[PDB]
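Visitor: Could you have a look at this structure, given as structure tokens, before my questions?
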Amino acid sequence: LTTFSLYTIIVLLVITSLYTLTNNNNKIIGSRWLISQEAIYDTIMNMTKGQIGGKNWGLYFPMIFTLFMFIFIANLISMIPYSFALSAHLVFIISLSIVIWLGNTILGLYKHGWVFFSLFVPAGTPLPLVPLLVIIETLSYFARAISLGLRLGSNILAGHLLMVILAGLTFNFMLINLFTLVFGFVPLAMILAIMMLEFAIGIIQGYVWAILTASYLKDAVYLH
Amino acid sequence: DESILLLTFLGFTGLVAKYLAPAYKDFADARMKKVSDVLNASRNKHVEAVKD
Amino acid sequence: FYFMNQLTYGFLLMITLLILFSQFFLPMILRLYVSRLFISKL
Amino acid sequence: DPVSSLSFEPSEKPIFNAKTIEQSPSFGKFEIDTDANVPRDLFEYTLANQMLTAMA
Amino acid sequence: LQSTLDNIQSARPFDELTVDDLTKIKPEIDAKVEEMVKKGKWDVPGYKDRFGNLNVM
Amino acid sequence: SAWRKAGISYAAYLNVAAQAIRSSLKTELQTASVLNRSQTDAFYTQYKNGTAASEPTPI
Amino acid sequence: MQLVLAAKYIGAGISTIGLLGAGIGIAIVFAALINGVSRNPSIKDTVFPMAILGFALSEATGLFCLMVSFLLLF
Amino acid sequence: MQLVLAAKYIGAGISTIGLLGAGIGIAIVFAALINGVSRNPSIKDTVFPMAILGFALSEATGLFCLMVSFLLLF
Amino acid sequence: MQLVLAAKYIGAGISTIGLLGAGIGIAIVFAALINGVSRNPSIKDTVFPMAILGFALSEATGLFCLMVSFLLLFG
Amino acid sequence: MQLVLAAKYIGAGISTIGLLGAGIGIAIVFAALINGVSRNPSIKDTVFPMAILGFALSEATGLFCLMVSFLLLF
Amino acid sequence: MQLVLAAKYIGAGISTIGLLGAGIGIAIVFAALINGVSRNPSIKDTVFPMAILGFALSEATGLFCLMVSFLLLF
Amino acid sequence: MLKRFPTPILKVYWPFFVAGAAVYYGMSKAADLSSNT
Amino acid sequence: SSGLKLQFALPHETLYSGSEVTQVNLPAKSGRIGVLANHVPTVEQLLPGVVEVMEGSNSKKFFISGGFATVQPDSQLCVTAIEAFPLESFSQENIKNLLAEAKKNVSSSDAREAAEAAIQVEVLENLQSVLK
């Protein structure tokens, strides 16, 4: 058995613990636990309605929902001090980005094929930089791939280990002589600010994931 | 070494119960009263339309 | 070490939440949308 | 104000000073240079036009 | 319509009605929900006006 | 130039501009509407709180 | 061999100041955020995620340095 | 041989901070973005497509030096 | 071992000036704040919590700077 | 003797950060594009080739820099 | 151990010049203060407590920087 | 519990599933080529 | 709108009033500004110079004695000014220069006359660019 797969089971138990215990007997009125999910559904709905802007825009709206929520929930469990890192396995998150990027390329080649390679020319340019504009495009084409993964877990792995080693700060500050208890309130507020940063580096970075791959969905579905 | 981050967590959640909980309470109460008032008013309006 | 472990159980739970949230959790709120809209429009 | 050729009206027109012009709520909607005295000259232009309209 | 008025008088559960009771009183609700999912018009038009989106952005 | 400090108001600045433009007229095209448009004939008289009088000067 | 751990330490040190480029950048976003609202108060919620979104794109660039320090630290 | 990997460690250290102005630069695009819509509200979803394009290209400046840090890591 | 902690100290030295953009950053935020109240007087209490938002997270990046200079000084 | 390839690594480290200026540079080629075209919305097709003109031949100079790194790595 | 105190000395040397951007930022604070009072003399010493407060806490960054240099000397 | 709806995930979300299987095969290549480090 | 509504207005004859137009070109306080079919709502004081109005038709060349260009937020640009002008016929060099020398002479007088005569010299020398 692995603690990581057990953490994924805890994630699915919280997923059960977000809607079933939320919904009091299928009521119209929309209780307080359901208002948050309503706000999430609306802020993803109105987002990707304007983002990809397609006639077929909602057809990937569940996907752009469910790719968010995993990062939304897995950065609500590692927030506990006595916990192990959930999404800081960079092989896993970068491999997720690889899966999403390759699914985008297969979608674009199944939808467009040879004219999907018409994405390489953004605008009409004079001759001595017409192919070069393609190349820096191709140079960005895997950079479109690699960065979004290599920009999520490296957030989270930078956060909590920080709160490990700066806990070691409190193991290096409150273990020297007794006047360390005098004006020793500012590392407490500093780690407080780091936790304020950590909720941001979970939630807003998950939204960054969502918005960047939503742009990539408009890239792969629509040829410019 | 790890219970100090737990102490920051307990103090932060105490500040959350001080600050964030009444704000989300008032937001939920306001949206609840708004949706309930509109849903009652539309029903009363077409009850009056039935009377007309 | 646990590349197969994390990758395989991650694939399983990704496709699980794909089909799960798709078939369940978006239209269970879309029912609330259509219900409130149909009562308000009468 | 000649309401018709056979009727009329004594009419009032307010003038807002340029102090009010920066204080206006629907004013930052309009893009304006801070470094050109545009309210302090447009108030004069407003005064001149409203005087000309009132006279004519 | 007098009986309709008396029916509106004492049968308004405007704080406790079930959306499953709405699907039961109107299967047109279920039909529009399922068709709205299957075509993919995940926009709910004419909802946001009187029922605001109350989201973050 | 420094008309805002020393010379005219901006309405009067454009008034002097119009007097220069119509002063730079084609004399074939300088109609009577142009000269009557520059027929500065208004007389201003500063009164006081006791309704005193200033000179009715040509503005 | 007595230098290579010291080389890891000072290579971590020269890698560190890249967060500088975050710490300036995010600022002008907030400065533009003030010039999102000083000249246009009625649009600020429009840019209230849209500014801080840019924060999360700039902040992460700083966050893409110190942990490049840390792998050389560990 | 205890010195050459030491030098490639510090070479990864100096090849880190090339994100710096790029970590500035994406933000200044965002700065113009906050002055794009607060000036012109009805271009909000016209520039924001290409600007987040110009984000990624401004990423494409200051990212590859980062992986020059990683390939010299190995 | 006659060289490693000395290199640790100079590594804490070079990891101290990266909060340079602290001393710029928050300050130039305040600069626009001085602009924000100047061209718009009644927006000040509107913007100053947001600006103090534009303070707090804006400086903590530089904190990371010296905590590298706090760690390689000590460990 | 051990330094002739170790120094190539640190030369690759210093000879890569030129894109830094590109991370400053082409950003305003987008950002002045923004506050330009927010100022005039229908100048866009007028300027977006020209901007993607003024992008490309201003970027590739920085793309030379790590190229000087590449030959110094191999 | 003849090297380590001298290294502390040059470490206090390199950890001194962080006040460069501190002076730059407080100069930008007073520069915008002059430019704000030039367009708003009427509100001069209501902004100025907030201006000097942000000045205080913002120059405190470079103050903490050179006192880190002070303790690194010791 | 929850009303199960036949929402399109097989006739719509095929290529991301294909990409997941291909990345599993690439992990087979990787964990049979680079897991002995 | 496709194109733009130009309201080119004068005290004696408002020439254009919501005329559908592609481009206006106007000397404002920031210099010569060309504005196309869309623009930010923007208020500018207008320096006396050459306004070129390009439409679906060709581009007309007028002189303006200053005024205000205001972009009404429905993309209705209102030029509110005083003087219209032909191609070059209303401009005559002997009329301009002989007055300009006298205006340089009156610019040596008292500051009420001197500032105004300096303005007049500026306007006639801007009209020398209309003489071109």
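Please note that chains go A, B, ... in the order of the structure tokens, that every chain numbers its residues from 1, and that ligands are numbered from 1 in the order shown.
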I need the residues in range 17-51 of chain G that are alpha helix (DSSP H) according to DSSP; give them as a PyMOL selection string.

Guide: chain G and resi 19-37+48-51

Visitor: Keeping C-alpha atoms for every residue in the selection just given, could you write it to a file as a PDB file, in the first residue's frame?

Guide:
ATOM      1  CA  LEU G  19      13.139  36.453  -7.244  1.00  0.00           C
ATOM      2  CA  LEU G  20      14.259  40.100  -7.518  1.00  0.00           C
ATOM      3  CA  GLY G  21      12.693  40.060 -10.972  1.00  0.00           C
ATOM      4  CA  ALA G  22       9.472  38.893  -9.415  1.00  0.00           C
ATOM      5  CA  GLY G  23       9.616  41.457  -6.630  1.00  0.00           C
ATOM      6  CA  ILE G  24       9.819  44.411  -8.979  1.00  0.00           C
ATOM      7  CA  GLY G  25       7.392  43.045 -11.584  1.00  0.00           C
ATOM      8  CA  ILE G  26       4.394  42.251  -9.382  1.00  0.00           C
ATOM      9  CA  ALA G  27       4.701  45.801  -7.991  1.00  0.00           C
ATOM     10  CA  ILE G  28       4.005  47.600 -11.230  1.00  0.00           C
ATOM     11  CA  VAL G  29       1.029  45.301 -11.765  1.00  0.00           C
ATOM     12  CA  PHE G  30      -0.312  46.649  -8.482  1.00  0.00           C
ATOM     13  CA  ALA G  31       0.769  50.117  -9.603  1.00  0.00           C
ATOM     14  CA  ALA G  32      -1.145  49.593 -12.827  1.00  0.00           C
ATOM     15  CA  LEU G  33      -3.939  48.238 -10.647  1.00  0.00           C
ATOM     16  CA  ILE G  34      -4.014  51.642  -8.985  1.00  0.00           C
ATOM     17  CA  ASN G  35      -4.032  53.141 -12.448  1.00  0.00           C
ATOM     18  CA  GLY G  36      -6.706  50.593 -13.210  1.00  0.00           C
ATOM     19  CA  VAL G  37      -8.905  52.253 -10.609  1.00  0.00           C
ATOM     20  CA  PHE G  48      -9.565  42.322  -9.535  1.00  0.00           C
ATOM     21  CA  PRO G  49      -8.720  38.757 -10.645  1.00  0.00           C
ATOM     22  CA  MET G  50      -7.172  39.950 -13.903  1.00  0.00           C
ATOM     23  CA  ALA G  51      -4.451  41.920 -12.144  1.00  0.00           C
TER      24      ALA G  51
END

Visitor: For a quick check: superposing chain G on chain H using all C-alpha atoms in order, what RMSD comes out?

Guide: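 It comes to 0.8 Å after superposition.
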
Visitor: Within 12 Å of residue 23 in chain F, counting only C-alpha atoms, which residues qualify if same-chain residues fewer than 6 places away don't, as a PyMOL selection string?

Guide: (chain F and resi 15-17+29-31+34-35+37-38) or (chain M and resi 65+83+90-100+103+120-121+123-124+127)

Visitor: Tell me which of M:77, M:15, M:54, M:64 sits closest to chain F, counting only C-alpha atoms.

Guide: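 Comparing M:77, M:15, M:54, M:64 against chain F, the winner is M:64.
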
Visitor: What is the distance, in Å and to one decimal place, between CA of residue 4 in chain L and CA of residue 24 in chain E?

Guide: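 That distance, rounded to one decimal, is 16.0 Å.
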
Visitor: Mind checking which residues fall within 7 Å of range 11-26 of chain I, counting only C-alpha atoms, ignoring those fewer than 3 positions away in the same chain, and posting them as number ranges by chain?

Guide: G: 9-10, 13-14, 16-17, 19-20, 23-24, 27; I: 7-8, 29-30, 55, 58-59, 62-63, 65-66, 68-69, 72-73; K: 11-12, 14-15, 17-18, 21-22, 24-25, 58-59, 61-62, 65

Visitor: Distance CA of residue 29 in chain L-CA of residue 105 in chain A, one decimal place?

Guide: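 Here the two named atoms are 21.2 Å from each other.
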
Visitor: Counting only C-alpha atoms, which residues in chain E sit no more than 12 Å from chain B? For each one, give the nearest pair of atoms and the distance in Å, sorted by chain then residue number, as CSV.

Guide:
residue,atom,partner,partner_atom,distance
E:1,CA,B:50,CA,7.5
E:2,CA,B:51,CA,8.5
E:3,CA,B:50,CA,11.0
E:4,CA,B:50,CA,8.2
E:5,CA,B:47,CA,7.2
E:6,CA,B:47,CA,10.3
E:7,CA,B:47,CA,10.2
E:8,CA,B:47,CA,7.1
E:9,CA,B:47,CA,9.0
E:11,CA,B:43,CA,11.6
E:12,CA,B:43,CA,8.7
E:13,CA,B:40,CA,9.7
E:14,CA,B:40,CA,6.4
E:15,CA,B:36,CA,7.2
E:16,CA,B:36,CA,10.6
E:17,CA,B:39,CA,11.5
E:49,CA,B:38,CA,11.6
E:50,CA,B:38,CA,7.8
E:51,CA,B:35,CA,7.1
E:52,CA,B:35,CA,9.1
E:53,CA,B:31,CA,10.5
E:54,CA,B:31,CA,8.1
E:55,CA,B:31,CA,11.3

Visitor: From a DSSP pass on the backbone, collect the residues of chain F flagged as strand (DSSP E) and hand them back as a list in words.

Guide: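 Taking chain F and keeping strand (DSSP E) gives residues 43, 44, 57 and 58 of chain F.
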
Visitor: When you get a sec, could you note down which chain E residues fall within 10 Å of chain C, using only C-alpha atoms, as a ChimeraX atom specification?

Guide: /E:18-20,22-23,26,28-30,32-34,36-37,42-48,50-51

Visitor: Keeping C-alpha atoms for every residue in the selection just given, could you write it to a file as a compact mmCIF listing (two decimals), in the first residue's frame?

Guide:
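Result written to out-v7.txt:
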# COMPACT_ATOMS: atom_id res chain seq x y z
CA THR E 18 -37.77 19.77 -3.97
CA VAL E 19 -36.29 19.95 -7.46
CA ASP E 20 -37.10 16.26 -7.76
CA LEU E 22 -40.14 19.79 -9.97
CA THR E 23 -38.97 16.98 -12.25
CA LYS E 26 -42.59 18.62 -14.98
CA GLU E 28 -39.93 18.80 -19.37
CA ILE E 29 -37.37 19.96 -16.77
CA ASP E 30 -35.50 16.65 -17.09
CA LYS E 32 -34.33 20.26 -21.14
CA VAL E 33 -31.58 19.42 -18.62
CA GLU E 34 -30.53 16.28 -20.51
CA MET E 36 -28.82 20.97 -22.52
CA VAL E 37 -26.08 18.60 -21.42
CA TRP E 42 -23.76 24.86 -21.01
CA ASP E 43 -24.75 28.52 -20.95
CA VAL E 44 -28.09 28.99 -19.19
CA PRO E 45 -29.51 31.95 -21.15
CA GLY E 46 -31.93 34.30 -19.44
CA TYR E 47 -30.84 33.12 -15.98
CA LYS E 48 -28.19 35.68 -15.03
CA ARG E 50 -32.88 37.89 -12.30
CA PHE E 51 -30.64 35.19 -10.76
